[PDB]
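To start, the structure under review is shown below, and the notes come after it.
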There are 2 protein chains.
Amino acid sequence: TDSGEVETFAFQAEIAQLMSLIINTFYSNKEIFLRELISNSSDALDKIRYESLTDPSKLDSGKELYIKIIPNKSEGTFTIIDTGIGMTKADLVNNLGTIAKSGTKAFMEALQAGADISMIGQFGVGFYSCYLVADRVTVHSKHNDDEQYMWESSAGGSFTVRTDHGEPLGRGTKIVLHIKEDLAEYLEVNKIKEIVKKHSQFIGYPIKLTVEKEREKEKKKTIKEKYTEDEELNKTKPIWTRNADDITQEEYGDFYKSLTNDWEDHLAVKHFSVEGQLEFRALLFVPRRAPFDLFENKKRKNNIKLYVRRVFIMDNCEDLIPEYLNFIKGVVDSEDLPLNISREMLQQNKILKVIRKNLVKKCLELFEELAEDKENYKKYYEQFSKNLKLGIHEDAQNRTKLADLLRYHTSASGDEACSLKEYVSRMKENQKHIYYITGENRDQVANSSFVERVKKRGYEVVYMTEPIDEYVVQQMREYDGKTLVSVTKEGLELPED
Amino acid sequence: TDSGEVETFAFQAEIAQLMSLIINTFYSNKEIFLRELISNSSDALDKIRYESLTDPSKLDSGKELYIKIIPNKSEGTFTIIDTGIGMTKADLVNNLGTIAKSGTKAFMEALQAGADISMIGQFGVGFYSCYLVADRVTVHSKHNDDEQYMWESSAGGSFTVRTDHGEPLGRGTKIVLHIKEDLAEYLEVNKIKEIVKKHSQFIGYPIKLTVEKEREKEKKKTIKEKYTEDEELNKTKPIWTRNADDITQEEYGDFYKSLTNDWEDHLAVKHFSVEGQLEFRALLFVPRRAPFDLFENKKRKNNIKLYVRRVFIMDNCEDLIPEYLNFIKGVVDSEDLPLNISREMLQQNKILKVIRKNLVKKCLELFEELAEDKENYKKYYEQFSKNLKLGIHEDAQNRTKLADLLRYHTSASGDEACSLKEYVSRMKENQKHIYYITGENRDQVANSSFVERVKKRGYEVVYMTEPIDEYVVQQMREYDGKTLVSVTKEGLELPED
Ligand SMILES: Nc1ncnc2c1ncn2[C@@H]1O[C@H](COP(=O)(O)OP(=O)(O)OP(=O)(O)O)[C@@H](O)[C@H]1O
Ligand SMILES: Nc1ncnc2c1ncn2[C@@H]1O[C@H](COP(=O)(O)OP(=O)(O)OP(=O)(O)O)[C@@H](O)[C@H]1O
Ligand SMILES: [Mg+2]
Ligand SMILES: [Mg+2]
């Protein structure tokens, strides 16, 4: 025989190193624990909502659904308040006290038909990002079924649970974090506000931020802090989920204002969706003014923001759009892109290319859609005439539509530009090829002898100065079945009757 | 307190979901699988080299140390054989059969006196990255003291091992793969060569991509190919690990031609090294000509590459160098950066900023070196004058240190370049003004007669290469206590002694 003895062994994971690996290696910034906590709190809230819509018996005690963020400056304790499904004994024993395990996955195993709910917690190791900002963790939990219970662990290798005997919650869970002394600056209200606004702006619930009212016992000026900022910043309701049919202008104009900090509305809207293998909506808006980052060539563009399940992920627009279309500002909202471990970067680049093709087709069709208004189209040309020419220089698929998009200054139209098809409209039978010229200004070449021969009869010539167009004439070799003729392609042209 | 009784349970880790996460979530692309195997082979080679250094009597089992790669399109298998330290049964089960447990860390901590040896690998997850494309893995190994075994797994949460009776390897390990039938393009020779060239270029051990066939011998009917040769595999030794004095001009030229694609030599070189709390080595190059894609600056900033422990990581320069250093080419090789689990991104950035400032200072030091050679300095300035004024507008911190480093073709300098630094030798006692004219490029506005009064003094009007000089003179308002003057500024003032 060759190999008679056979032995088998199961895979084991050395624990002690593993939580260290999870804490200090996976996540780029320490600005991420709050997002994870808000995510699984929202998951529990959606669990409550779904199990309550079918049966109101489950929804007892507090009907209102909300999330409270409580930073305690005096003690450094970070308190999180949610009113979700809560925990049980087995829940805290298994679903949180063991790595590589998530409750949502086991929840889908019971709901296998018509699950019209959007959860975010699939991976199962996103809870431990809290150890990045704290030394010890405290979880207050109370199910609608079982009692109140304590989760406590800080040593990394052991945990403690005990039956609660303190204030009762009745419904929901409460998260308490012992923030680290060195990184105590996270307790600043402004920092928390900015992190919430950036990473989880549209979670979809009331984020009240009802921080504890710091009691300060005593014509006289009144006190200024009746309550902390329970405004509609963390409570911003707009999720843009409404269908496009009933959508009006001003509300999405203010939506664009909020997205890009702009004071004015946008220029055009392309609200649509693509289904099948890659299901997603999208909101593309045309910025009104040119981008001033021309000097800063390789600034990381934030024009398009990618949202996965109503959660901001990445703003790297460079791999998401062709560079000749790197000025459109808007939002893409997919729902099935497979995210990596950090929920920060994508994995499938061919999916990105498919989205690229769909987006460019739709937005170039939009370019056609806005072409019917002369004033807005001349504004668009004057503002971003370069990008179409860059595409015509170095894009191959849609050169025809881009060529149709261009307009050009001519003779009989004055200083108003005209499309290449306009000259075809006034084309004469005896001429078999389009005449054009290269010149810095219209009038200087108008008197030039290179077209003075044909000026006696009053023909029309394309006037062309911007150097991209100096180099693009090779790119389009024939439009509408007629080759281009210049005073340099063949010299002084001689059109004869 | 004595209110709620406490109970403690040990931590647990779920196995199957953990490896599903490892396989499908960590690494962005599937090509990385080869790099981890190459790194582990280099690890084994370094281990056996150190064992030889402390005791050379035990290398009788094998003398040459190399990495041998044997692809096979016919069987769809991948083979990597190396002659490093090897495995043992306990090491087998407790390192390959254990997640996140690295024997490299154990060996590295076991010995401390020999800090010279540089080791790569501290996490215990890279070896399982080979499951990205391989449906089955079989590993052969034998120690200098242990017998021959194999380790076979199929990612099914179970593995088996037994004794060996096949081909007796003298020393080292052996990797056998069976890749997916739809990924056979990664068995192609050219693709493997490209990947090896990009990633593991400077490992420092022979990699012999060789598959040799016997050829029959006989009229002009048929002729086939013989074998696969090392496509410049490990023929480029690490330059930075060698002292600067021992590297001469042709070595730098060849290295620059290899790193880039340009047929030309380097315009200038600057090699330096920094030690202490932050230890790294760097190499800098300046091209002999302006970039061919200077007009097409849309290409992302990948000019400077980074290699921690002789492995490429990333060429994103938005955090490594300021953008007005666009044309610099080179490689930075550190030793102690905190790599994440993907080994593509870095978390802490203060090190990045200090490296940036050190590199800026070193680049300015190289700048000074070229200033002595007037002709080469003039050539480089007329080649790359734009980024200087760009940085002058941006870098307020280095504005003064760059202020004295510009030659200038001026009104009375002609083709010869006169510098404001050389000018200070020829100020009169009353002169407190600097004469120039800004614009997009050389223009006829310079022939204005606003400096007729100063024309008796023969003071010199400077030409400005690019429009940012309009903002540059808005950034530098006064040089070493001397004011400014021009047609654009005031036309003509009347300061006199
Ligand atoms: N209201 C809640 N707040 C926080 N955690 C909760 C809440 N309700 C349930 N949980 C627990 O959160 C833990 C969830 O997920 P884990 O952190 O395990 O998954 P993730 O996909 O890695 O991250 P996350 O779910 O946090 O987005 C689950 O095991 C679930 O039991
Ligand atoms: N080809 C090999 N040569 C030598 N040791 C090896 C080899 N393959 C695996 N090992 C050993 O088994 C353990 C496996 O490593 P893994 O590849 O699991 O982590 P690493 O090699 O330690 O680090 P990383 O993979 O993160 O770079 C390693 O730490 C190394 O000690
Ligand atoms: Mg979770
Ligand atoms: Mg390794």
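Residues in the structure tokens are numbered from 1 in each chain, the chains being A, B, ... in the order shown, and ligands are numbered from 1 in the order shown.
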
Could the residues of chain A within 8 Å of chain B, counting only C-alpha atoms, be given as a ChimeraX atom specification, please? /A:2-3,5-15,17-18,21,25-29,97-101,123,157-165,297-300,323,339-341,346-348

Nearby residues, ligand 2, 8 Å, only C-alpha atoms and all ligand atoms, as a count of residues only: 40

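Proximity to residue B:396 at 8 Å, evaluated using only C-alpha atoms and with sequence-adjacent residues fewer than 4 positions away removed, yields residues 392, 400 and 475 of chain B.
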
Can you write out the residues you just picked, keeping N, CA, C and O atoms, as a tab-separated table (two decimals), in the first residue's frame?
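What follows is the written file part.tsv:
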```tsv
chain	number	residue	atom	x	y	z
B	392	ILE	N	4.54	76.96	-5.49
B	392	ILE	CA	4.68	78.28	-4.88
B	392	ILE	C	3.31	78.82	-4.50
B	392	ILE	O	3.12	79.36	-3.40
B	400	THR	N	9.29	80.36	0.65
B	400	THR	CA	10.58	81.05	0.68
B	400	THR	C	11.71	80.14	0.21
B	400	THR	O	12.62	80.60	-0.49
B	475	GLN	N	0.82	85.33	-4.21
B	475	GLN	CA	1.33	84.59	-3.07
B	475	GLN	C	2.64	85.16	-2.55
B	475	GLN	O	2.76	85.47	-1.36
```

Please provide the set of residues having any atom within 12 Å of residue B:284, restricted to only C-alpha atoms, with same-chain residues fewer than 5 positions apart removed, written as a PyMOL selection string. chain B and resi 239-240+252+255-256+259+266-273+303-306+325+327-333+359-360+362-367

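Proximity of A:167, A:480, A:497, A:443 to residue A:422, computed with only C-alpha atoms, is greatest for A:480.
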
Nearest to ligand 3, restricted to only C-alpha atoms and all ligand atoms and choosing among A:52, A:129, A:74, A:258, comes out as A:129

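On all C-alpha atoms, the superposed RMSD for chain B relative to chain A stands at 2.2 Å.
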
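Backbone DSSP over stretch 201-279 of chain B gives strand (DSSP E) for residues 207, 208, 209, 266, 267, 268, 269, 270, 271, 272, 273 and 274 of chain B.
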
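Straight-line separation from atom CA of residue B:115 to atom CA of residue B:59: 22.2 Å.
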
For residue B:179, list every protein, DNA or RNA residue within 8 Å, evaluated using only C-alpha atoms, and leave out those in the same chain fewer than 4 positions away; present the list as an MDAnalysis selection string. chainID B and resid 76:78 133:136 183:184

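Comparing the minimum interatomic distances between residue B:228 and each of B:178, B:63, B:193, B:257, counting only C-alpha atoms, we find that B:193 sits nearest.
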
What's around residue B:264 at 10 Å? Count only C-alpha atoms, leave out sequence neighbours fewer than 4 positions away in its own chain, and write the answer as a list in words. residues 253, 254, 256, 257, 260, 287, 288 and 289 of chain B

Mind writing the picked residues with N, CA and C atoms as a compact mmCIF listing (two decimals), in the first residue's frame?
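Once written, selection.txt looks like this:
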```txt
# COMPACT_ATOMS: atom_id res chain seq x y z
N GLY B 253 20.70 54.46 -14.75
CA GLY B 253 20.00 54.54 -16.03
C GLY B 253 19.23 53.28 -16.35
N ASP B 254 19.87 52.12 -16.16
CA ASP B 254 19.19 50.85 -16.41
C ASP B 254 18.01 50.66 -15.46
N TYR B 256 16.23 52.98 -13.99
CA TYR B 256 15.18 53.91 -14.38
C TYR B 256 14.45 53.43 -15.63
N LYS B 257 15.19 52.90 -16.60
CA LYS B 257 14.56 52.37 -17.80
C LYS B 257 13.71 51.15 -17.50
N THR B 260 10.43 52.57 -15.42
CA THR B 260 9.55 53.23 -16.36
C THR B 260 9.55 52.46 -17.68
N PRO B 287 12.72 62.66 -14.96
CA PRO B 287 12.82 62.26 -16.37
C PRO B 287 13.63 63.25 -17.19
N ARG B 288 14.27 62.74 -18.24
CA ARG B 288 15.07 63.57 -19.13
C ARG B 288 14.23 64.47 -20.02
N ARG B 289 12.90 64.33 -19.98
CA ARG B 289 12.02 65.14 -20.81
C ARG B 289 10.68 65.28 -20.10
```
